[PDB]
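One file, protein29.csv, is given below (CSV, C-alpha atoms and all ligand atoms).
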chain,number,residue,atom,x,y,z
C,1,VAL,CA,14.3,-5.9,14.4
C,2,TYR,CA,11.4,-8.0,15.7
C,3,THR,CA,11.6,-11.3,13.9
C,4,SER,CA,9.3,-14.3,14.1
C,5,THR,CA,8.4,-17.5,12.2
C,6,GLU,CA,4.8,-17.5,13.5
C,7,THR,CA,2.0,-17.4,10.9
C,8,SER,CA,-1.8,-17.9,11.1
C,9,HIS,CA,-4.5,-18.8,8.6
C,10,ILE,CA,-7.5,-16.7,7.6
C,11,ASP,CA,-11.1,-17.1,6.8
C,12,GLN,CA,-12.9,-16.6,3.5
C,13,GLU,CA,-14.4,-13.3,4.5
C,14,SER,CA,-10.8,-11.9,5.2
C,15,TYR,CA,-9.5,-13.4,2.0
C,16,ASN,CA,-12.4,-11.6,0.1
C,17,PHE,CA,-11.4,-8.4,1.9
C,18,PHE,CA,-7.8,-8.6,0.7
C,19,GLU,CA,-8.9,-9.5,-2.8
C,20,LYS,CA,-11.1,-6.4,-2.8
C,21,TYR,CA,-8.1,-4.0,-2.2
C,22,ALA,CA,-6.0,-5.9,-4.7
C,23,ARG,CA,-8.7,-5.2,-7.3
C,24,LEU,CA,-8.9,-1.5,-6.4
C,25,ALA,CA,-5.1,-1.2,-6.6
C,26,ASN,CA,-5.2,-2.9,-10.1
C,27,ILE,CA,-7.7,-0.2,-11.2
C,28,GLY,CA,-4.9,2.4,-10.5
C,29,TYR,CA,-3.2,1.1,-13.6
C,30,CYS,CA,-6.3,2.3,-15.6
C,31,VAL,CA,-5.2,5.9,-15.0
C,32,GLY,CA,-2.7,7.3,-17.4
C,33,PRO,CA,-2.1,7.8,-21.0
C,34,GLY,CA,-3.7,5.4,-23.3
C,35,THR,CA,-6.1,4.2,-20.6
C,36,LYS,CA,-9.1,5.6,-18.8
C,37,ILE,CA,-11.6,4.9,-16.1
C,38,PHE,CA,-15.0,6.0,-17.6
C,39,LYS,CA,-17.6,7.7,-15.0
C,40,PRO,CA,-19.2,6.4,-13.0
C,41,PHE,CA,-16.7,3.7,-12.6
C,42,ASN,CA,-16.2,1.6,-15.7
C,43,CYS,CA,-12.9,0.1,-16.8
C,44,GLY,CA,-13.6,-3.5,-17.7
C,45,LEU,CA,-13.6,-6.6,-15.5
C,46,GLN,CA,-12.1,-5.2,-12.3
C,47,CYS,CA,-14.3,-2.0,-12.0
C,48,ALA,CA,-17.3,-4.3,-12.7
C,49,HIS,CA,-17.0,-5.7,-9.2
C,50,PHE,CA,-17.8,-2.3,-7.7
C,51,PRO,CA,-21.5,-1.3,-7.9
C,52,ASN,CA,-22.4,2.1,-6.5
C,53,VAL,CA,-18.9,3.5,-6.8
C,54,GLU,CA,-18.3,6.9,-8.5
C,55,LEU,CA,-15.0,8.1,-9.7
C,56,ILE,CA,-14.3,11.6,-8.2
C,57,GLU,CA,-11.0,12.5,-9.9
C,58,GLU,CA,-7.9,10.9,-11.5
C,59,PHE,CA,-4.4,12.3,-11.1
C,60,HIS,CA,-1.2,11.5,-13.1
C,61,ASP,CA,2.3,13.2,-12.8
C,62,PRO,CA,5.1,11.7,-15.0
C,63,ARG,CA,7.8,14.4,-14.2
C,64,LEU,CA,10.1,12.5,-11.7
C,65,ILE,CA,10.9,8.8,-11.3
C,66,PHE,CA,9.0,8.7,-7.9
C,67,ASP,CA,5.9,10.6,-9.0
C,68,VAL,CA,2.5,9.0,-8.8
C,69,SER,CA,-0.8,8.5,-10.6
C,70,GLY,CA,-4.1,7.1,-9.2
C,71,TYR,CA,-7.7,8.1,-8.4
C,72,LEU,CA,-10.1,9.1,-5.7
C,73,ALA,CA,-13.5,7.4,-5.6
C,74,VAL,CA,-16.6,7.1,-3.3
C,75,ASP,CA,-18.2,3.6,-2.8
C,76,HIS,CA,-21.8,4.3,-1.6
C,77,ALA,CA,-22.4,0.5,-1.1
C,78,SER,CA,-19.6,0.1,1.4
C,79,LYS,CA,-19.7,3.7,2.6
C,80,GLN,CA,-16.0,4.3,2.0
C,81,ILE,CA,-13.8,6.8,0.2
C,82,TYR,CA,-11.0,5.2,-1.7
C,83,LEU,CA,-7.6,6.8,-2.5
C,84,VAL,CA,-5.6,4.5,-4.8
C,85,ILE,CA,-2.1,5.2,-5.8
C,86,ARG,CA,0.5,3.7,-8.2
C,87,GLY,CA,3.9,4.8,-9.5
C,88,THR,CA,3.6,6.7,-12.7
C,89,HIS,CA,6.8,5.2,-14.3
C,90,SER,CA,7.3,1.6,-15.4
C,91,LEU,CA,7.7,-0.9,-12.7
C,92,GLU,CA,11.0,-1.9,-14.2
C,93,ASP,CA,12.4,1.6,-14.0
C,94,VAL,CA,11.1,2.3,-10.5
C,95,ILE,CA,12.2,-1.0,-9.0
C,96,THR,CA,15.7,-0.5,-10.5
C,97,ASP,CA,16.0,2.8,-8.8
C,98,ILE,CA,14.8,1.5,-5.5
C,99,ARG,CA,17.1,-1.6,-5.6
C,100,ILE,CA,20.3,0.1,-6.7
C,101,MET,CA,20.1,3.9,-5.8
C,102,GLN,CA,21.0,4.9,-2.2
C,103,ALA,CA,18.5,7.5,-0.9
C,104,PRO,CA,19.6,9.8,2.0
C,105,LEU,CA,17.0,9.0,4.7
C,106,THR,CA,14.9,12.2,5.4
C,107,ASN,CA,12.7,13.1,8.4
C,108,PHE,CA,9.0,12.4,7.6
C,109,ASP,CA,8.1,15.8,9.2
C,110,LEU,CA,9.5,17.4,6.1
C,111,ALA,CA,6.6,15.9,4.1
C,112,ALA,CA,3.4,17.8,3.3
C,113,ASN,CA,0.8,18.2,6.1
C,114,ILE,CA,3.1,16.6,8.7
C,115,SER,CA,3.7,19.0,11.7
C,116,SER,CA,7.1,19.3,13.4
C,117,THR,CA,5.5,17.5,16.4
C,118,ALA,CA,3.6,14.6,14.7
C,119,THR,CA,6.6,12.2,14.2
C,120,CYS,CA,9.4,10.7,16.4
C,121,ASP,CA,12.7,12.5,16.1
C,122,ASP,CA,14.3,9.4,14.6
C,123,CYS,CA,11.4,8.9,12.0
C,124,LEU,CA,13.5,8.7,8.8
C,125,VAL,CA,12.2,7.7,5.4
C,126,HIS,CA,13.6,7.1,1.9
C,127,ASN,CA,13.7,10.5,0.2
C,128,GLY,CA,12.2,9.0,-2.9
C,129,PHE,CA,9.1,7.6,-1.0
C,130,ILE,CA,8.7,11.0,0.6
C,131,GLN,CA,8.5,12.4,-2.9
C,132,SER,CA,5.8,9.8,-3.9
C,133,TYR,CA,3.8,10.7,-0.7
C,134,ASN,CA,4.3,14.4,-1.5
C,135,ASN,CA,3.3,14.1,-5.0
C,136,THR,CA,0.1,12.3,-4.0
C,137,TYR,CA,-0.7,15.1,-1.5
C,138,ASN,CA,0.0,17.9,-3.9
C,139,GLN,CA,-2.2,16.4,-6.6
C,140,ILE,CA,-5.2,15.1,-4.6
C,141,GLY,CA,-5.0,16.2,-1.0
C,142,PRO,CA,-7.4,19.2,-1.3
C,143,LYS,CA,-9.9,17.2,-3.4
C,144,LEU,CA,-9.8,14.3,-0.8
C,145,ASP,CA,-10.4,16.8,2.1
C,146,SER,CA,-13.5,18.2,0.2
C,147,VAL,CA,-14.8,14.7,-0.4
C,148,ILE,CA,-14.3,13.8,3.3
C,149,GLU,CA,-16.4,16.8,4.2
C,150,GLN,CA,-19.1,15.7,1.8
C,151,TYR,CA,-19.2,12.1,3.2
C,152,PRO,CA,-18.2,12.6,6.8
C,153,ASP,CA,-19.3,9.3,8.1
C,154,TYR,CA,-17.6,7.2,5.3
C,155,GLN,CA,-14.5,5.2,6.2
C,156,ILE,CA,-11.3,6.4,4.3
C,157,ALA,CA,-9.3,3.5,2.7
C,158,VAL,CA,-5.9,4.1,1.1
C,159,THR,CA,-4.4,1.3,-1.1
C,160,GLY,CA,-1.7,0.9,-3.7
C,161,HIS,CA,0.6,-1.6,-5.4
C,162,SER,CA,4.5,-1.2,-5.6
C,163,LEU,CA,5.6,2.4,-5.3
C,164,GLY,CA,1.7,3.1,-4.9
C,165,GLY,CA,1.9,1.0,-1.7
C,166,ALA,CA,4.8,3.1,-0.3
C,167,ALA,CA,2.8,6.3,-1.1
C,168,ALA,CA,-0.3,4.7,0.5
C,169,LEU,CA,1.5,3.8,3.7
C,170,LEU,CA,2.8,7.3,4.1
C,171,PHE,CA,-0.5,8.9,3.0
C,172,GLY,CA,-2.3,6.7,5.6
C,173,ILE,CA,0.2,7.9,8.3
C,174,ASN,CA,-0.5,11.6,7.1
C,175,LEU,CA,-4.3,11.0,7.6
C,176,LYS,CA,-3.9,9.2,10.9
C,177,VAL,CA,-1.7,11.8,12.6
C,178,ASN,CA,-4.0,14.5,11.2
C,179,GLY,CA,-7.1,13.1,13.0
C,180,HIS,CA,-8.6,10.7,10.6
C,181,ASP,CA,-8.9,6.9,11.1
C,182,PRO,CA,-7.9,5.5,7.6
C,183,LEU,CA,-7.7,1.8,6.6
C,184,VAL,CA,-4.3,1.2,4.8
C,185,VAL,CA,-3.7,-1.9,2.7
C,186,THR,CA,-0.6,-2.0,0.5
C,187,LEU,CA,0.5,-4.7,-2.0
C,188,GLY,CA,4.1,-5.5,-3.0
C,189,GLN,CA,5.2,-2.5,-0.8
C,190,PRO,CA,9.0,-1.8,-0.6
C,191,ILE,CA,10.6,-1.0,2.9
C,192,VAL,CA,9.8,2.7,3.5
C,193,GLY,CA,12.1,3.8,6.5
C,194,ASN,CA,14.3,3.0,9.3
C,195,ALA,CA,13.8,1.2,12.7
C,196,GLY,CA,12.7,4.5,14.3
C,197,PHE,CA,10.0,5.0,11.6
C,198,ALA,CA,9.0,1.2,11.6
C,199,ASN,CA,8.5,1.1,15.4
C,200,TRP,CA,6.7,4.4,15.5
C,201,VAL,CA,4.3,3.2,12.7
C,202,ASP,CA,3.7,0.0,14.8
C,203,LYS,CA,2.9,2.1,17.9
C,204,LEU,CA,0.7,4.4,15.8
C,205,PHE,CA,-1.4,1.6,14.2
C,206,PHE,CA,-1.2,-1.4,16.6
C,207,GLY,CA,-0.6,0.5,19.8
C,208,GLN,CA,2.7,-1.1,21.0
C,209,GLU,CA,6.0,-2.3,19.7
C,210,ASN,CA,6.3,-5.9,18.6
C,211,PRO,CA,2.4,-6.1,18.1
C,212,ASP,CA,0.4,-9.3,17.8
C,213,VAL,CA,-0.7,-9.0,14.1
C,214,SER,CA,-1.9,-12.6,13.7
C,215,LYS,CA,-5.6,-11.6,13.2
C,216,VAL,CA,-7.8,-9.8,10.8
C,217,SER,CA,-10.3,-7.8,12.8
C,218,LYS,CA,-12.8,-5.0,12.4
C,219,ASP,CA,-10.6,-2.5,14.2
C,220,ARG,CA,-7.3,-3.3,12.6
C,221,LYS,CA,-6.2,-0.7,10.1
C,222,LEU,CA,-2.9,-1.7,8.6
C,223,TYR,CA,-2.1,-4.6,6.3
C,224,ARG,CA,1.0,-5.1,4.1
C,225,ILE,CA,0.2,-7.8,1.5
C,226,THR,CA,3.3,-9.6,0.1
C,227,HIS,CA,3.7,-12.5,-2.4
C,228,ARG,CA,6.1,-15.4,-2.4
C,229,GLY,CA,9.0,-14.6,-4.7
C,230,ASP,CA,8.4,-10.9,-4.9
C,231,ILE,CA,11.6,-9.0,-4.0
C,232,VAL,CA,10.0,-5.6,-3.9
C,233,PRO,CA,9.0,-6.1,-0.2
C,234,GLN,CA,12.6,-7.0,0.5
C,235,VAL,CA,14.2,-3.8,-0.8
C,236,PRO,CA,15.8,-1.4,-0.3
C,237,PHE,CA,17.8,-3.5,2.1
C,238,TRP,CA,20.6,-0.9,3.1
C,239,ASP,CA,21.0,-2.0,6.7
C,240,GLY,CA,19.0,0.7,8.6
C,241,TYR,CA,15.8,0.0,6.5
C,242,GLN,CA,13.2,-2.3,8.2
C,243,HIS,CA,9.5,-2.8,7.7
C,244,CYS,CA,6.7,-2.1,10.2
C,245,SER,CA,4.6,-5.0,11.3
C,246,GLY,CA,1.5,-6.2,9.6
C,247,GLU,CA,2.6,-8.6,6.8
C,248,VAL,CA,-0.1,-10.8,5.0
C,249,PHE,CA,1.7,-13.3,2.7
C,250,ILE,CA,0.4,-15.1,-0.3
C,251,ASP,CA,2.3,-18.3,-0.1
C,252,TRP,CA,1.4,-19.4,-3.7
C,253,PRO,CA,3.1,-19.0,-7.0
C,254,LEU,CA,0.1,-17.7,-9.0
C,255,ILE,CA,-2.9,-15.3,-8.8
C,256,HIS,CA,-6.1,-16.6,-7.2
C,257,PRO,CA,-4.4,-18.4,-4.4
C,258,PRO,CA,-6.2,-21.0,-2.4
C,259,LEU,CA,-7.6,-19.8,1.0
C,260,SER,CA,-5.2,-22.0,2.9
C,261,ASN,CA,-2.3,-20.2,1.3
C,262,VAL,CA,-2.8,-16.6,2.4
C,263,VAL,CA,-1.3,-16.3,6.0
C,264,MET,CA,-0.9,-13.5,8.6
C,265,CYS,CA,2.8,-13.2,9.6
C,266,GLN,CA,4.1,-12.0,13.0
C,267,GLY,CA,7.0,-9.6,13.1
C,268,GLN,CA,8.8,-7.1,11.1
C,269,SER,CA,10.8,-9.9,9.3
C,270,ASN,CA,9.5,-13.5,9.0
C,271,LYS,CA,11.3,-16.3,7.2
C,272,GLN,CA,8.0,-18.1,6.8
C,273,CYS,CA,6.9,-15.1,4.7
C,274,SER,CA,8.7,-12.5,2.3
C,275,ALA,CA,12.0,-12.6,4.2
C,276,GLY,CA,12.2,-16.4,3.5
C,277,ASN,CA,11.9,-16.0,-0.4
C,278,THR,CA,14.5,-18.4,-1.8
C,279,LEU,CA,16.9,-17.5,-4.6
C,280,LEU,CA,15.0,-19.5,-7.2
C,281,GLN,CA,11.7,-18.0,-6.0
C,282,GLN,CA,13.2,-14.5,-6.6
C,283,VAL,CA,14.3,-15.0,-10.2
C,284,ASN,CA,11.4,-13.6,-12.1
C,285,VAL,CA,11.2,-10.2,-10.5
C,286,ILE,CA,8.5,-8.3,-12.5
C,287,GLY,CA,6.2,-11.3,-13.0
C,288,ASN,CA,6.2,-12.3,-9.3
C,289,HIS,CA,5.6,-8.7,-8.3
C,290,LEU,CA,2.3,-8.7,-10.4
C,291,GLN,CA,0.7,-11.8,-8.7
C,292,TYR,CA,-1.5,-10.4,-5.9
C,293,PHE,CA,-4.9,-12.3,-6.1
C,294,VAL,CA,-5.4,-10.6,-9.5
C,295,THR,CA,-2.6,-9.6,-11.9
C,296,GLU,CA,-1.4,-6.1,-11.0
C,297,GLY,CA,0.2,-3.6,-13.4
C,298,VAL,CA,-2.0,-3.9,-16.5
C,299,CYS,CA,-5.3,-2.2,-17.0
C,300,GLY,CA,-8.2,-4.4,-18.2
C,301,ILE,CA,-7.3,-7.8,-16.8
C,401,LIG,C1,6.1,18.5,0.3
C,401,LIG,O1,5.2,19.4,-0.3
C,401,LIG,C2,5.0,20.6,0.4
C,401,LIG,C3,3.9,21.3,-0.4
C,401,LIG,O2,2.7,20.8,0.0
C,401,LIG,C4,6.3,21.4,0.6
C,401,LIG,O3,6.2,22.4,1.6
C,401,LIG,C5,7.4,20.4,1.1
C,401,LIG,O4,8.7,21.1,1.2
C,401,LIG,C6,7.5,19.1,0.4
C,401,LIG,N1,8.4,18.2,1.1
C,401,LIG,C7,9.4,17.5,0.5
C,401,LIG,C8,10.3,16.7,1.3
C,401,LIG,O5,9.5,17.5,-0.7
C,402,LIG,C1,-4.0,17.9,6.5
C,402,LIG,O1,-4.0,18.1,7.9
C,402,LIG,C2,-5.2,18.7,8.4
C,402,LIG,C3,-4.9,19.3,9.8
C,402,LIG,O2,-4.9,18.3,10.7
C,402,LIG,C4,-6.3,17.8,8.3
C,402,LIG,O3,-7.5,18.4,8.7
C,402,LIG,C5,-6.5,17.5,6.8
C,402,LIG,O4,-7.5,16.6,6.5
C,402,LIG,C6,-5.2,16.9,6.2
C,402,LIG,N1,-5.4,16.7,4.7
C,402,LIG,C7,-5.0,15.7,4.1
C,402,LIG,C8,-5.3,15.6,2.6
C,402,LIG,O5,-4.4,14.8,4.6
C,403,K,K,7.3,-0.5,6.0
Re-express the file's structure as structure tokens.
Amino acid sequence: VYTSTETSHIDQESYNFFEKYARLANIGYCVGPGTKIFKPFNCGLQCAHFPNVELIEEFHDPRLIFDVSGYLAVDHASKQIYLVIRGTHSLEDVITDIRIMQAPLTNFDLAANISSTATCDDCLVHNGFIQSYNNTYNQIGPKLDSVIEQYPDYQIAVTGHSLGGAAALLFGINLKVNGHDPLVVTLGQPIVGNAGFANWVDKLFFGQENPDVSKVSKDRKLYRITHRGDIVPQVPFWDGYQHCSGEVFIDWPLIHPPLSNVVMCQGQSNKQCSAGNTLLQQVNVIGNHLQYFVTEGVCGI
């Protein structure tokens, strides 16, 4: 596994870009029962930061513990199509499953829209996260394709928090091997697959193994935002699992971190970042997993 302790600071434009995706991910918690996103795109404070955005479709499946909910929208101001995904089930229930239950690792080429030749032969991923990816594809994939055809020069951006972040990573990989050029930003994302998968994802997105991911740049298309004290990005840890590169770490205990305290981390594990979370920092598992620029997991704040 490529390890490092190198980190780099960011500028305010990059901080505002990460905050943006944190907000869009938060809005994913406005989909489901008891909540709503009103057309065009109204859902209280967080949707109010998105003029000229129209909700296309929401989706919600509660059938299985790894099923997903979320929405598809088009932002005519930024010329982007947004796919935003979350886990349908409570964060407590989902994280308990990921933390404690041992998935058999499955080849990503078994997932929807992935051809037998698109992945490396050793590209293995947690069977639950494949289900989250599949469940996203089966609910929204055809609608996303029709919207891509309708707005063919808009940039596709996939984002999600928690299990949504795992589904987003895989859905971005689906779009990328299938000829699109998506932006993928995940928050609080658990480790998806093994060393084969992680290194293949780094080649796919950064163009080499052990990529220099110290910079935010117009052409970079993968960011994994993590927060001090959140253990979700540290599980599952069954040896075998490892992250791809691309970590952006909020080294701050609260929402709304100072600019100095969001850093770009080198490597697939970095003790200056998530891998260095101390035992006292890890204690409050759900609360620390919500603190990503804005509070994630609750609609309307
Ligand atoms: C994913 O969904 C497709 C239907 O689009 C199905 O063919 C496939 O077997 C599913 N894969 C897994 C691992 O569930
Ligand atoms: C599925 O793959 C096809 C064939 O490459 C691609 O054209 C299409 O956009 C993909 N659809 C989704 C929703 O990923
Ligand atoms: K990963």
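Among the candidates C:195, C:177, C:232, C:275, the one nearest to residue 123 (chain C) when counting all atoms listed in the file is C:195.
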Near residue 19 (chain C), counting all atoms listed in the file, which residues have an atom at most 12 Å away, once you skip same-chain residues fewer than 2 positions from it, shown as a ChimeraX atom specification?
/C:12-17,21-26,46,49,159,185-187,225,248,250,255-259,262,291-296
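The contact shell of ligand K 403 (chain C), defined as all polymer residues within 9 Å when all atoms listed in the file are used, comprises residues 166, 169, 189, 190, 191, 192, 193, 194, 197, 198, 201, 224, 233, 241, 242, 243, 244, 245, 246 and 268 of chain C.
With CA of residue 182 (chain C) on one side and CA of residue 148 (chain C) on the other, the separation reads 11.3 Å.
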What does the distance between CA of residue 54 (chain C) and CA of residue 18 (chain C) come to in Å, to one decimal place?
20.9 Å
Nearest-residue call for ligand LIG 402 (chain C), choices C:238, C:154, C:108, C:137, using all atoms listed in the file
C:137
Please produce, as CSV, a per-residue contact table for chain C versus ligand LIG 401 (chain C) (criterion: any atom at most 9 Å away, only C-alpha atoms and all ligand atoms considered), showing the nearest atom pair and its distance in Å to one decimal, sorted by chain then residue number.
residue,atom,partner,partner_atom,distance
C:106,CA,C:LIG401,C8,7.6
C:107,CA,C:LIG401,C8,8.3
C:108,CA,C:LIG401,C8,7.7
C:109,CA,C:LIG401,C8,8.2
C:110,CA,C:LIG401,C8,4.9
C:111,CA,C:LIG401,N1,4.2
C:112,CA,C:LIG401,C1,4.1
C:113,CA,C:LIG401,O2,6.9
C:127,CA,C:LIG401,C8,7.2
C:128,CA,C:LIG401,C8,9.0
C:130,CA,C:LIG401,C8,6.0
C:131,CA,C:LIG401,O5,5.6
C:133,CA,C:LIG401,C1,8.2
C:134,CA,C:LIG401,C1,4.8
C:135,CA,C:LIG401,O1,7.3
C:137,CA,C:LIG401,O2,6.8
C:138,CA,C:LIG401,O2,5.6
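Contacts with ligand LIG 402 (chain C) are defined as any residue atom within 6 Å of a ligand atom, using only C-alpha atoms and all ligand atoms; the residues meeting this criterion are residues 113, 141, 142, 144, 145, 174, 175 and 178 of chain C.
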Nearby residues (all atoms listed in the file) at most 10 Å from residue 213 (chain C), same-chain spacing under 5 positions excluded, as number ranges by chain:
C: 7-8, 206, 220, 222-223, 245-248, 264-267
What is the distance, in Å and to one decimal place, between CA of residue 300 (chain C) and CA of residue 61 (chain C)?
21.2 Å
Rank C:99, C:218, C:76, C:176 by their smallest atom-to-atom distance to residue 114 (chain C), using all atoms listed in the file, and report the top residue only.
C:176
Dump as a VMD selection string all residues having an atom at most 6 Å from (-15.8, 6.8, 4.5), computed in the file's coordinates with only C-alpha atoms.
chain C and resid 79 to 81 153 to 156
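Of the listed residues (C:72, C:10, C:147, C:65), C:72 comes nearest to residue 31 (chain C); the distances count all atoms listed in the file.
Among the candidate residues C:60, C:86, C:180, C:289, the one lying nearest to residue 27 (chain C) is C:86, with distances computed using all atoms listed in the file.
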Env of residue 280 (chain C): 12 Å cut, atoms = only C-alpha atoms, seq-sep filter 2 positions within chain, self excluded. Answer as an MDAnalysis selection string.
chainID C and resid 228:231 253 276:278 282:285 288
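Using all atoms listed in the file, the nearest neighbour of residue 84 (chain C) within the list C:41, C:66, C:59, C:237 is C:59.
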